[PDB]
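So the structure is just underneath, and the comments pick up after that.
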2 protein chains.
Amino acid sequence: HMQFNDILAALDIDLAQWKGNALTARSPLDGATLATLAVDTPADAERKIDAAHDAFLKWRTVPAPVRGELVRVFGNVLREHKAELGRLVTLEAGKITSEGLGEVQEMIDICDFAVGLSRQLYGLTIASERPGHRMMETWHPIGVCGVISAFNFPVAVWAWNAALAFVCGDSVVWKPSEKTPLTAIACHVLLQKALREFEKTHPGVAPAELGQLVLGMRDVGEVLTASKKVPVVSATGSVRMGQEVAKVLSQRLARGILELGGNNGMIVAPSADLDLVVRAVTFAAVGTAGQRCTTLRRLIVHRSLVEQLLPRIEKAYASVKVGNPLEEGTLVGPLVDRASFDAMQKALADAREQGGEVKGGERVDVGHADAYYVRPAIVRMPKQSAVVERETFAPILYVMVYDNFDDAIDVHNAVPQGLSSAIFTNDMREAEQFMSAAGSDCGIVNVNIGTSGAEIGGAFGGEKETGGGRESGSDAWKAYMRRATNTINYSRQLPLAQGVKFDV
Amino acid sequence: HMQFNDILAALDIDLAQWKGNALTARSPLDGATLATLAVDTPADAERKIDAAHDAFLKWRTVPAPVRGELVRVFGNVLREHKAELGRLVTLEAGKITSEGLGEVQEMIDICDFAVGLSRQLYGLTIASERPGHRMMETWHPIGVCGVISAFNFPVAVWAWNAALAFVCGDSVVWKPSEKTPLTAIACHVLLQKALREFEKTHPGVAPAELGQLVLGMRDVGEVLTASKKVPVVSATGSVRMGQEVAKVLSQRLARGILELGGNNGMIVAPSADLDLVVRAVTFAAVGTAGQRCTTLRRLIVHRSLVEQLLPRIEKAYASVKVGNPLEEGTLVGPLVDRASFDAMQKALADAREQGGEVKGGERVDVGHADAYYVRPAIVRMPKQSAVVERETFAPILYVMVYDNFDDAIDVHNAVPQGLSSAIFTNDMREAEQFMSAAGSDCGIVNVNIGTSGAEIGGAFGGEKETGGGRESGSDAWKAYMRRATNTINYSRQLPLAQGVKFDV
Ligand SMILES: NC(=O)c1ccc[n+]([C@@H]2O[C@H](COP(=O)([O-])OP(=O)(O)OC[C@H]3O[C@@H](n4cnc5c(N)ncnc54)[C@H](O)[C@@H]3O)[C@@H](O)[C@H]2O)c1
Ligand SMILES: NC(=O)c1ccc[n+]([C@@H]2O[C@H](COP(=O)([O-])OP(=O)(O)OC[C@H]3O[C@@H](n4cnc5c(N)ncnc54)[C@H](O)[C@@H]3O)[C@@H](O)[C@H]2O)c1
């Protein structure tokens, strides 16, 4: 049990430098104010973008393996402060202590992955059709990387973008969610510590302005997306946010990494391991109070399994501990705020109007009118009606029955989102069909592991309204750089004159 | 010498099936009407998009090597009709006979390249951190591929997109420039011939509606870009077109391959091979009457070379034959239309107001008031002023002097476009600096080969206002498919209960 001021002190955060009376930093745990903060003006945001661009001009000529060493040092700083940073994630995002720790560990893991990439950043050498010419494809730092992040992963989304961007020779301007500024301040402070350690061993190499933190409301978010000095913006959030950002990027022909909403489903086929299913369903649907973008929200269960499987899931649901995420034993912490609670209860009301039968979903009183805890809900639906197609960012699992596998695929694919997906089956034919071109239409398509089944090494992102961006693994790093095709003529041969007078 | 009706007959085009009184197909050679055509209504366009989507649903499960066989057959059909199709390109786009032939040969070359890709389409198998799990990245046909193309490469741009899209399991809906419909009709007719040959050896495999041709004005172009059944649109044209298309794509969170304008420059450094430079400059600047998107428009010449080099370029310029592109000896055919001529003369007027000294640029009378031939212009400019930053799609080469190499790079990079670029030097240090992160900012960056130096095997496209899309070589094919990250759990191990009641 570390108090809030102990956390700040252990992170070496001096709140006096960030205090103000513009932005209230609230804890979902009890609704209490953690601190009140100053915010950037639009002009402040522009100035920070100018400084990040100057930083980029220096950083882009630093050898990438040297750039990776800063990221390696940053990984070690995060390791040293993992417990306190994780606790801050719990206080501000409301997730249980182990998920706070787990989210910081994701930051650390991507640092080490990016260190590996810092010795790669592979283009190609390519055969040329021209005699005495050589051809290659090279990759180059692109410029300032804007990062717009959501409340629910307040540190790992930024780390995923910044580790890659720094290794790729970019500076970063970060505008975190106005709901989670304190975790962002902490990350920024820990980065400054990394830069100080790196400056000891690499004097003059890293620009002090490499990472920028912009705190505030829509006005500074709009400065960032409209800035002609920011050639790529990674934007994580709602579908509506992504549409608006993409419109601004398009107007100035800039690049987007769009990581928008999910509405993730699982098909449970007749041969599924039910002992495995009941656990995988429960944990993916109720984890983080249904506030992961990969949260399981749709369950498509074969008719032969309903009578066996559903009472087991209901039994697990009822035994899940909802409570303050600081307590040992808690599995489900609070929803982030009232708007989230209201949208949940509205979704459930819609579900009932649409023929659904709701279990769970009621509010859990913890003694605070401005803290919103709920029992996870599981809703038997006669079809995948309008409410099921909405992403309600809350623990609601809609259950639909299917008979024919092709029909289950169609139902699975019929929502407008396309982030993650899973099939539980032991039949290799169904598993492969689900992963095939006519199967799941999502960016993440898993077999016998739930919809949060993803790791550093894989490209992370989705299709359809999820926006098409990819982060983290595979060659996602290319989105932080610009491709060049180079043809080099080392021949002394002159082109044919074609009757043109070239003689001296 | 093949007459127009001979060309149609040899291509097996029955004009009676395409004739109408909506769209006039005009030849830039003499301004004459070649034919008057029917056009698609918005509803026609929607119906064709529906048919292409149905075609996609069938084609996406055809093995890619089988899909490549259709493209191989298409390549052979193009070989058989190369002379006549090339002649049609000359009549409609106005380029000289060898460039008409050369453009069709690009279609043929990309077919064979796509045949190779049809046995690849590589994703990854990737280590997983989870015991008893396997992870991989797979690629899948994405859906209908919209293709919007420009007048000046009326057949190769479509071929570049369609060869890859077909091999990648996509259908194609093509809306060619309203300025070059007849070349598009020919390509579509030749594709139908390929489908008939393929149907003999592969009965029932390829959907008849795999390729669609949409002829008409903005109204059908806007149906295509707004269609929710078209997940990717490849758009080749002006910067303004690309901005408008990208806005529509963004609103529905769809993917763009944007191939917009260039404003391509060459740095000539003190050690350059001047015999080589004078030829490379002349051919890249005046070729196709300055109507390539890679046309050389800006020359940044070291002061020590000006007195030697510029009279040699002027001498070559004056000897260039401007005339009807059907004539042997012609190097420079006509501008496409009056609007192009007027914009050229306006640019030259602006250049003079901005201190420039113009040579060439006057109209060449060929006896037709509606045919626009010009002498290529070369303009000595005191600086890279406002007119030089505009892309004027005409043969105007602006010449700026430089002293310091870093300053030349800044001037080279100061325009808003970013397609292709070149440095002519024998100094390896300058050549590498130009290709480095702080060098040319373009998508194509060449050494001792001009700004049209590109080939099938390289990714083709640019940065900045050029829009960021890539076509043809390297892994450009990924833009026609959707990535999936697959994690497969084949372990029998249950997750920890975490105190949740899972027992039966
Ligand atoms: N795809 C992913 O990787 C991923 C990861 C985490 C969360 N999410 C999604 O995020 C959502 C939950 O996060 P949220 O509630 O914070 O979303 P949100 O859209 O309300 O806000 C996300 C961020 O965008 C900013 N923003 C909003 N509108 C903006 C605009 N027009 N211009 C500039 N900035 C703007 C916000 O200030 C915030 O920083 C869910 O839909 C969830 O699925 C997706
Ligand atoms: N980047 C490349 O690979 C490449 C290749 C060839 C040409 N170009 C560029 O193309 C331009 C010359 O071609 P152009 O004069 O035909 O260009 P353009 O922009 O006038 O037209 C291109 C195509 O877009 C269509 N179009 C225009 N506005 C549209 C809209 N709002 N919605 C839908 N469709 C729309 C036109 O009908 C035509 O088919 C130059 O700028 C040149 O640099 C680029």
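Computed from heavy atoms alone, side chains included, the values below leave out hydrogens, waters and symmetry copies. Order of the sequence lines fixes the chain letters, A, B, ..., with proteins taken first and strands second; residue numbering starts at 1 for each chain.
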Interface moiety of A:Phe283 toward chain B, non-hydrogen atoms closer than 4.5 Å | side chain
Identified side-chain hydrogen bond (donor to acceptor under 3.5 Å, both in side chains) partner of B:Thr138 from the options B:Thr125, B:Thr485, B:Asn486 | B:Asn486
Residue among B:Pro416, B:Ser436, B:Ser421, B:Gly256 with most heavy-atom pairs under 4.5 Å to chain A | B:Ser436
Contact part of B:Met135 toward chain A, heavy-atom cut-off under 4.5 Å: side chain, backbone, both or neither?
-> side chain
With a 4.5 Å cut-off on heavy-atom pairs, point out which of A:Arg279, A:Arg470, A:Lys501, A:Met481 contacts chain B the most.
-> A:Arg279
Could you check which of A:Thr282, A:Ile456, A:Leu274, A:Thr61 has the highest count of heavy-atom pairs closer than 4.5 Å to chain B?
-> A:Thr282
Could you verify whether a donor N or O on one side chain and an acceptor N or O on the other, from A:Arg130 and A:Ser491, lie under 3.5 Å apart?
-> no
Would you mind reporting whether B:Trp59 and B:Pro141 have side-chain heavy atoms less than 4.5 Å apart?
-> no
What part of B:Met136 gets closer than 4.5 Å to chain A, counting heavy atoms only: side chain, backbone, both or neither?
-> side chain
Chain A heavy atoms under 4.5 Å from B:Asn426: which part of the residue, side chain, backbone, both or neither?
-> neither
Counting heavy-atom pairs under 4.5 Å with chain A, the top scorer among B:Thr487, B:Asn448, B:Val500 is B:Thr487
Among A:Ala280, A:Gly458, A:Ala459, who wins on heavy-atom pairs under 4.5 Å with chain B?
-> A:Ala459
State, yes or no, whether a side-chain contact exists between B:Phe434 and B:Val445 at a heavy-atom distance under 4.5 Å.
-> yes
Drop me the distance from B:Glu244's CD to B:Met241's CE, to the nearest 0.5 angstrom.
-> 10.5 Å
Side chain / backbone / both / neither for B:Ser440 at chain A, heavy atoms under 4.5 Å | backbone
Are A:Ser128 and B:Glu455 linked by a side-chain donor-acceptor pair shorter than 3.5 Å?
-> yes
If one checks every heavy atom of B:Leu496 against chain A at 4.5 Å, the contacting part turns out to be backbone
Is there a side-chain contact between A:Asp109 and A:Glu106, using heavy atoms and a 4.5 Å cut-off?
-> no
Spatial distance of atom CZ (A:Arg312) from atom CG (A:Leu309) [nearest 0.5 Å] | 7.5 Å
Nearest heavy-atom approach of A:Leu249 to A:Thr225 is CD2-O, 4.0 Å
Please check if any side-chain donor atom of A:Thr294 sits under 3.5 Å from a side-chain acceptor atom of A:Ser420, or the reverse.
-> no
Proximity breakdown for A:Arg255 and chain B, heavy-atom pairs closer than 4.5 Å = side chain
Heavy-atom check, side chain of A:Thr466 versus side chain of A:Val239, under 4.5 Å = no
Using non-hydrogen atoms only, which part of B:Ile488 is less than 4.5 Å away from chain A: side chain, backbone, both, or neither?
-> both
Cut-off 4.5 Å, heavy atoms of chain B, and the answer for A:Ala454 is backbone
With only heavy atoms counted, which part of B:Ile126 is less than 4.5 Å from chain A, the side chain, the backbone, both or neither?
-> side chain
With a 4.5 Å cut-off on heavy-atom pairs, point out which of B:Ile142, B:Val320, B:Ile444 contacts chain A the most.
-> B:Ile444
Contact winner vs chain B - A:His133, A:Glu463, A:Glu137, A:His140, heavy-atom pairs under 4.5 Å | A:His140
Are any non-hydrogen side-chain atoms of A:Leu121 and A:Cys168 less than 4.5 angstrom apart?
-> yes
Interface moiety of B:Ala127 toward chain A, non-hydrogen atoms closer than 4.5 Å = backbone
A:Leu276 versus chain B, heavy atoms under 4.5 Å apart: side chain, backbone, both or neither?
-> both
So which heavy atom on B:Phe502 is nearest to which on A:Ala316, and how close?
-> CE2-CB, 3.6 Å
Options B:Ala431, B:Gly461, B:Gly169, B:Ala497, ranked by heavy-atom pairs under 4.5 Å with chain A, top entry | B:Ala497
In terms of heavy-atom pairs under 4.5 Å, which option from A:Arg482, A:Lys315, A:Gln493, A:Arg492 contacts chain B the most?
-> A:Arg482
Classify the side-chain pair B:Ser474/A:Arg483 by whether it contains a donor and acceptor separated by less than 3.5 Å.
-> yes
What residue in B:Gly457, B:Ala422, B:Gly462, B:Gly473 has the most heavy-atom pairs under 4.5 Å with chain A?
-> B:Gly457
Interface check, chain B: of A:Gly499, A:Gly453, A:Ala438, A:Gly468, most non-hydrogen pairs under 4.5 Å belong to A:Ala438
